[PDB]
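Here the structure is laid out as structure tokens; the discussion comes afterwards.
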Amino acid sequence: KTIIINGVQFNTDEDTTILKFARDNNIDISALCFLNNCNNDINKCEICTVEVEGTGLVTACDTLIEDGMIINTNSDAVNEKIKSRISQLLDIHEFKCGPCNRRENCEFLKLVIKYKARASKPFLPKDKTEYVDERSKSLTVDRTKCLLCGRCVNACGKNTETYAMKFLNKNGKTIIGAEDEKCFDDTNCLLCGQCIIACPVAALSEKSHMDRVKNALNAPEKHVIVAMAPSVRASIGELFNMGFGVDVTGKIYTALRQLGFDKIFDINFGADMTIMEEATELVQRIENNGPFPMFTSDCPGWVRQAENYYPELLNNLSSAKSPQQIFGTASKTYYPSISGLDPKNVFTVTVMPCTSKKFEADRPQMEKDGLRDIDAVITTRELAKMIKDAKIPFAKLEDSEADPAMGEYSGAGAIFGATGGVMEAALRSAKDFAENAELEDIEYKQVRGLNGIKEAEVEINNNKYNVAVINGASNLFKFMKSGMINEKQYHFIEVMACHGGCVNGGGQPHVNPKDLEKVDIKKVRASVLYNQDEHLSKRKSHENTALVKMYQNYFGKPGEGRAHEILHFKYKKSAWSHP
Ligand code: 402
Ligand code: SF4
Ligand code: SF4
Ligand code: SF4
Ligand code: SF4
Ligand code: FES
Ligand SMILES: [Mg+2]
Ligand SMILES: [Mg+2]
């Protein structure tokens, strides 16, 4: 097939779209609603408009190339069509970039600038109350910014297959939202925030916890603890023009101190706690010959998936709390016992690449004696803004260290952020626990990587066991519906709602679509974590010295006693009822 684009002749064999073909040959074509290899098929944005001689204006993003095509991507007719579309989008868009949360990295703004489009009449609604939905504990919607591009709808379908994000007909007009315009929390929604990640504007955002955090630091009698997730140190640098795959761990500790936090800890410590409890439980089940399989319980998106679609699996979940909640429980119990602080005055803040983490934190029973495990959860994005609002020169900061007591971590805890991380981490301890040995070879590369469903046979104390890593919520549905769960007897299964693991969470920095093709964001972010694991001296959660002292002096033996009493959490299926 022979193609000519802007006068340049091409003789290729590729079967693909005009748009794909163009980008592969450094030919510029704008796009808006095209993402994840799909566009808005019932309301095409037409930003990708090109002209095919002998046919007219077409959409490049979903039109295949064809021998004999003469294509003009930059004619006046093309640009005025594109300009017209952007102008009409402006007609329903509160174009006030000043206090906007996507103002530094908005796709729509870049399009408005590129084509110099203006609205026929600006959209300045008086009362945004009717446009804003902040009911949810994890997500919020601002429909003054919504372009109706359907990227959230498509991403939810592709990433989770729940189709929790829908087009709705509100009073005769089209919006996006949850089923019957309910609060997402009350629907089958996983609160994974993959919809936010797909959004080209500030229409979708996390539920802000920043006021919680600010009030706590300004409150005289509050002792504010902060602890970031594995993934944060591997990605927050992106929002400070530092590039991708940059370890900024030390800079973060410094930034957090300058922000005024009273204690600097780390969720990787909690991750090591989770392994202590979860490896112990697995070994218990190995020698009780069940119940099998045990599922991980550290992903609140997956927890909600189970609660909403597979409640019969709830009893198979590990009782161990997530690194966030298990750290939190210790922060109100253990940490006062070694600091002299009144438990009531402790305010525990986590930094997460996750929106679902907010819902997990505000679960009614995630507390004891009136004290929440976790009082506030801010996303990676929220922390970035916080650092910028404080005008802290992040890229120029010098490295500091976390406070040891609940800040030290092993290599096992560090790789939690990647898909298969919990699996590898857990196996390192469980094998040592069951074999009563200090084992040399601890790398389980078979459970790593971006394959959606990953399996492996492991041999623990002279017995072969089957494990599986489920990489993404859509892949959970696949694994269960396809009957893969019954093809063999699995013993330990990891499930992460976000493909790639937490490094690809809904609270992570947005990445521009062109950069997404440019850089494998899931593997590059996770590489930071694995590199830490490789160069840490302690690579097993039970070799965490600060953790070992904690169990020795306070909790005792994991899996039983006081440790099982307050560090665990069990999910309950609803009893049978009609109707
Ligand atoms: N809690 C917890 Fe986890 C840990 O440690 C984070 O903390 Fe994750 C990350 N990064 C997130 O958010 S959650 C599911 N387990 C994998 S990693
Ligand atoms: S969504 Fe983008 S274009 Fe709209 S106000 Fe925010 S930054 Fe500006
Ligand atoms: S939070 Fe996740 S499950 Fe809910 S609508 Fe968004 S993408 Fe779908
Ligand atoms: S919420 Fe964002 S991604 Fe979804 S339709 Fe509106 S602008 Fe597009
Ligand atoms: S994979 Fe990580 S970021 Fe995504 S929903 Fe689960 S815990 Fe949250
Ligand atoms: S990007 Fe092609 S129609 Fe939207
Ligand atoms: Mg399509
Ligand atoms: Mg304070």
Side-chain angles (χ1 to χ4, degrees), residues 17-20 22-23 29-50 57-64 81-82 85-86 89 107-108 111 138-139 147-151 153-154 157-160 189-197 200 206 229-232 235 267 271 274 296-306 322-325 350-361 377 379-381 416-422 469-473 475-476 494-508 513 522 525-526:
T17 58
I18 295 181
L19 182 48
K20 225 313 209 200
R23 304 251 190 170
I29 297 180
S30 309
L32 181 64
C33 81
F34 179 78
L35 192 66
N36 295 313
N37 248 341
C38 269
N39 62 333
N40 194 342
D41 283 313
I42 51 154
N43 184 37
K44 294 161 84 158
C45 72
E46 300 184 316
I47 302 296
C48 66
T49 291
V50 292
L57 305 174
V58 309
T59 42
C61 76
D62 64 346
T63 303
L64 299 184
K81 173 64 167 283
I82 300 172
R85 296 299 285 178
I86 303 182
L89 291 182
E107 287 182 47
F108 185 55
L111 281 172
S138 290
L139 330 175
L147 307 182
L148 292 179
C149 72
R151 274 165 55 159
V153 174
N154 283 337
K158 295 275 259 303
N159 282 88
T160 79
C189 173
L190 305 189
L191 298 178
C192 64
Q194 281 303 314
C195 42
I196 304 174
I197 298 301
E206 53 273 71
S231 295
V232 179
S235 50
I267 295 300
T274 295
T296 52
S297 63
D298 44 273
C299 172
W302 148 240
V303 171
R304 276 183 68 85
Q305 191 180 26
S322 66
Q324 165 174 285
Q325 297 303 137
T350 68
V351 187
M352 295 280 149
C354 182
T355 48
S356 75
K357 281 291 161 189
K358 294 175 183 291
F359 184 82
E360 191 190 4
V377 174
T379 59
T380 310
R381 300 188 295 260
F416 258 61
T419 168
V422 180
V469 179
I470 304 310
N471 185 17
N475 284 306
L476 190 282
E494 168 192 337
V495 191
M496 296 294 147
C498 306
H499 185 254
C502 291
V503 291
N504 187 36
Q508 285 290 58
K522 295 165 186 169
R525 283 184 183 158

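Position 1 is the first residue of the sequence, and the numbers go up from there. The figures here come from the full heavy-atom set of this structure, side chains too, leaving out hydrogens, waters and symmetry mates. One-based numbering, in listed order, for ligands and for the atoms of each.
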Can you check side chain to side chain donor-acceptor pair (under 3.5 Å) on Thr59 and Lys44, steps first, answer last? CA-CA 8 Å; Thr59 42; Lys44 294 161 84 158; 3.1 Å; yes

Chi angles and distances behind the side-chain contact (heavy atoms from CB on, under 4.5 Å) call for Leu89, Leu32: CA-CA 11 Å; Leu89 291 182; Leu32 181 64; 3.6 Å; yes

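Annotation: protein N, O or S atoms under 2.8 Å of atom 6 (Fe) of ligand 5 (waters excluded) comprise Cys299 SG.
Protein heavy atom closest to atom 3 (S) of ligand 6, with residue, atom name and distance, is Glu46 N, 3.3 Å.
Annotation: side chain of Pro353 is not in contact with side chain of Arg525 (no heavy-atom distance under 4.5 Å).
Geometry about atom 2 (Fe) of ligand 6 gives an angle of 100° between SG of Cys48 and SG of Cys61, rounded in steps of 10 degrees.
With respect to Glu206 and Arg381, a salt bridge is recorded, a charged nitrogen being found less than 4.0 Å from a carboxylate O.
The closest approach between a heavy atom of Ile47 and any atom of ligand 6 is not below 4.0 Å.
Enclosure of atom CG in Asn37 is not indicated, since only 12 or fewer non-hydrogen atoms of other residues, nucleotides or ligands lie within 6.0 angstrom.
Of all the atoms in ligand 6, the ones that sit under 4.0 Å from a non-hydrogen atom of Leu32 are 1 (S). Of all the atoms in ligand 6, the ones that sit under 4.0 Å from a non-hydrogen atom of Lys44 are 3 (S). Atoms of ligand 6 lying under 4.0 Å from at least one heavy atom of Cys33, given by number and element, are 1 (S), 3 (S), 4 (Fe).
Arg151 pairs in a side-chain contact (heavy atoms from CB on, under 4.5 Å) with only one of the listed residues (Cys45, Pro200, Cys38), which is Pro200. With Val495 as reference, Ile470 is the one residue of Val422, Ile470, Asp298 to meet the side-chain contact (heavy atoms from CB on, under 4.5 Å) rule.
Side-chain contact of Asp62 with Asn39: a donor-acceptor pair under 3.5 Å is present, judged by distance alone. No hydrogens or angles considered: a donor-acceptor pair under 3.5 Å links the side chains of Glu360 and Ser322.
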